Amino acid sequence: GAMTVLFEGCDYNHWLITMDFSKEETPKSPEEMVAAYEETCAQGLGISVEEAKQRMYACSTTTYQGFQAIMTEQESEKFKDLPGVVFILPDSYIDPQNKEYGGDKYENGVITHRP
């Protein structure tokens, strides 16, 4: 009805996607891992790599192997069928007061390591 209040639950719009590179005979360099994150992001979202880079905001190849991107929960589910994907999880701040996510910063292909 016009006065219906439907509860739809949590709205998670920042997601962490980790990847499994342990299989390979030859280990990927950090650059190769980040290039893989970008391709996987584009594939799961159904968008160009250029558009996917705009969604991505952080990644790591050290503390963890994965990337973090803005996407809806409905979007995150599409990653479940891609090869190499391990965790698909809402991202959470490592530093609430500054609203900072963990990992290295990612800006359209530019990584800033965060100590």
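Numbering starts at 1 and runs along the sequence shown.
For the segment pair 42-50 and 58-66, the entry gives 42-50 the higher mean B-factor, averaged over Cα atoms. The mean Cα B-factor in the deposited entry runs higher for 1-9 than for the other of 1-9 and 104-112.
When the CA B factors of the chain's modelled residues are split into thirds, the value for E75 lands in the lowest one. The entry lists a Cα temperature factor for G84 that places it in the middle third of the chain's modelled residues.
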